[PDB]
Structure formats: C-alpha cells, structure tokens
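One structure below.
Each reported figure results from applying straightforward, stated rules to the coordinates on display, with no laboratory input. Don't worry about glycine lacking a Cβ; one is built from the backbone with ideal geometry, like all the others, and counts go over all protein chains shown.
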Amino acid sequence: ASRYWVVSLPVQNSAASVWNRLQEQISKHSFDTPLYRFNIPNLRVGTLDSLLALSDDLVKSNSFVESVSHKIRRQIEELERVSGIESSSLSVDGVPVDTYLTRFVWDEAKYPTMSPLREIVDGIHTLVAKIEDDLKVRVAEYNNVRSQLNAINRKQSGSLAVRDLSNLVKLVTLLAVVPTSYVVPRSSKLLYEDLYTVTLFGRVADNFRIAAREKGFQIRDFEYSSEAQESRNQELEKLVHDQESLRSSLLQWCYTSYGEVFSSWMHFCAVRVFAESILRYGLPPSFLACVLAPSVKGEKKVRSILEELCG
Amino acid sequence: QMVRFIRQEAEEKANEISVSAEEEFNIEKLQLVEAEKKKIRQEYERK
C-alpha cells in the first residue's frame, strides 16, 4: 500500500497564501495539489517533558502504523479475494480518502479520550495493536485454510503412484500396471483402467504375480475400496471450498479490519498533527499542515513555499 | 480349476480339526472315567 505522506507544519507555520488558507483557496489549487486538512484540537496538551515523551513515542506509533499497513496490504491482497473493500468500504474514521485526509475528526472519543493526549495516544496505539492482532488472527486462519486447501486431491487422479483407489476396479489386488494361463481361473479382466488390467487369479499366485509385478514393469498398489478415495476427494473439495470462502468471507472480515486499521492510521495522523504543532510551536494543539499523496512537483512547490520552516 | 480345490482344502481342514477333536475326546472321557477313584476318596470316603 502507501506509507505515511502527511506534511509537517503548525498553525503558525502555514505554507498557504494565508494562515487560514491551508484548508482552501491556497496556491495548491493552481498546482492541483490534493492537500487538504481541518483542525481538530484535543482538550488539553501536556508539558514540555510530556511533549518530548510523545515525540519519542511517535517513532513507535509510526512503526506500528507501518506494520498495520503492511499487514493490510499483504494478507488481504495475497488471498486474491479480500481486496474487494474499496476506499469507501475501507473509509478512515467513516470518511473516504477524499474526506478522511481532509479532516482530523478521528480524534473523537473512539480511539482517544478527547482529553490530554499524552496517554490517549498510547491508548489509541494499543487499540490499533489489538486491531492488527485481529487481522493477524484472520491471516493465520487463512493460512490454516490454505493448509486445508491443496489436500489429498493434490495427488494423482487414479491408477498411479498416489490416490490410485479412485481408478480401482471396485483374490485380486489394485495393480493398474501401466506400460497367465494356469490352474487358477485367470480368465478375467478387471476394470482397473483410469491404465490396463491383466489376466490374474488368486487361486494360484503364479498368474496373479505374473500380472502384478513378476515381469516387465511392477504395478502400483492401491486401496481396495474406492469409497475411501471418493470420501477423501470430497473432503478435499470441501476444504478447498472452505478455504475459498475464508478468503472471501473471513477475509472479508479481514478487509473490514483493514478499514478499521485505516481509521486508526487516520487517528494517528490526527495525533501527529498536534505532535508536530507541539514540536515546532507552542504546547496547545494547533496545526495548519495538510495530508495527501501528491506528485513530486506538488511536493517540491509546497517545500518551496514552506522553506521559511525548512528542516 | 482350483475353485474345486478350495472345497478340497476346506474339507481337509475340517477333517484335521475333527481328528484333533476326536483325539482329545478320548483324553476328555478318560479324565472322568479314570481318576474318579481319587475323587471318591473325598466325595464318599469322608462319610
């Protein structure tokens, strides 16, 4: 998927034409930059030591967000049936990417406490970790289903080395010798063709051994009753269908968890807005930056505009 | 041709089993006909 791409600028360091022009009427419209934002400050902010601790923990928060993003982009997509949750279905904080990135409403009481965010950030991180753990549980279930997939049906289609009971003829044994007269009633022909059958009888072992493995190429043994092979094939088909359903229904829940993780990442970006505001401005949360996924030219223009607060 | 030989084999097995049973039958009969001179020393000699 896409990693974090939010800009860093406090309320006092807006890069637009005006301080309040970051949301709209900025020069970014001329350059077609998709940047958008909306303020959503917390109830209160911590002290300078609390701000430094939050800045230190922001690295761990970003690492957790990256882990969640990698899990969502890998586990769902690899199943080839879980990527059906679009941006609207995976809307962050209930709003699509068009509106989720244009506001910080995820700072409401769902993941944080709408309060001093020094511990609310850690609580939201723990909630996102729980969501990622649920996604990992879904991925493990998908892996176990895939283990149920590629079942006994993966063997040969009968009259061969493996799963040859499905092509059995059901004193005689399953031989299916692929490329005789005696006292025994060797005048017989089994139905062991997926292969060929040969004259054999159990009354005298000479004809049976001659037909089975005595000369030429030795035949391959198989289960006498084809009912067991049919049951195994049916179980394999059922397991494959269950794996496909899990990749389509259980992995649909995984995609829903991925949308929840996107909401958690939106909340993390909302928290990081206040973190940057504290880092490069006063303690109270107030930011005028923007979050989007622009082109290289738009980012360069934004950096040229904001060079007054360059890194 | 060995389909009839299966009947012969079964008859031979049954004959062997019956011969063993008859051979043990004499011993079983003698187990009661004989040694009762000892058991009568407890069943009635006690009286």
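Per this entry, B:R7 is counted among residues that are more than 22 Å from the chain's Cα centre (by Cα) and in a helix (DSSP H, G or I). I'd like the full set of residues that are in a loop (DSSP other than H, G, I, E, B) and closer than 16 Å to A:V121 by Cα, limited to segment A:17-53. Scanning segment A:17-53 gives A:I40, A:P41, A:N42, A:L43, A:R44, A:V45, A:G46, A:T47. A:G202 fulfils the conditions (1) surrounded by fewer than 16 Cβ atoms within 10 Å (Cβ to Cβ); (2) assigned to a loop (DSSP other than H, G, I, E, B); (3) away from every other protein chain (no Cβ under 14 Å) except for a single criterion, (3). Scanning segment A:7-58 for residues being closer than 11 Å to A:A275 by Cβ and in contact with a strand residue (DSSP E or B) (Cβ under 6 Å, 6 or more places away or on another chain) gives a total of 1. Could you say whether any residue in segment A:216-231 is within 14 Å of chain B (Cβ to nearest Cβ) and either touching an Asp or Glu at 6+ places or on another chain (Cβ under 9 Å) or surrounded by fewer than 16 Cβ atoms within 10 Å (Cβ to Cβ) (or both)? Taking every residue of segment A:216-231 in turn, none turns out to be within 14 Å of chain B (Cβ to nearest Cβ) and either touching an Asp or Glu at 6+ places or on another chain (Cβ under 9 Å) or surrounded by fewer than 16 Cβ atoms within 10 Å (Cβ to Cβ) (or both). Answer yes or no as to whether A:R3 is crowded, with 19+ Cβ neighbours inside 10 Å and within 23 Å of A:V296 (Cα to Cα). In short, no. Scanning segment A:237-283 for residues that are part of a helix (DSSP H, G or I), among the aliphatic types (A, V, I, L, M) and closer than 30 Å to A:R37 by Cβ returns A:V261, A:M266, A:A270, A:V271, A:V273, A:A275, A:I278, A:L279. Within this structure, A:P185 passes the test of being more than 30 Å from A:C254 (Cα to Cα) and within 14 Å of chain B (Cβ to nearest Cβ).
Scanning segment A:155-181 for residues that are within 14 Å of chain B (Cβ to nearest Cβ) and touching a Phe, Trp or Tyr at 6+ places or on another chain (Cβ under 8 Å) returns a single hit, A:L171. Can you name the residue in segment A:39-65 that is of a type in the set (D, E, K, R) and more than 33 Å from the chain's Cα centre (by Cα) and, of all such residues, is surrounded by the fewest Cβ atoms within 10 Å (Cβ to Cβ)? Top of the filtered list is A:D49.
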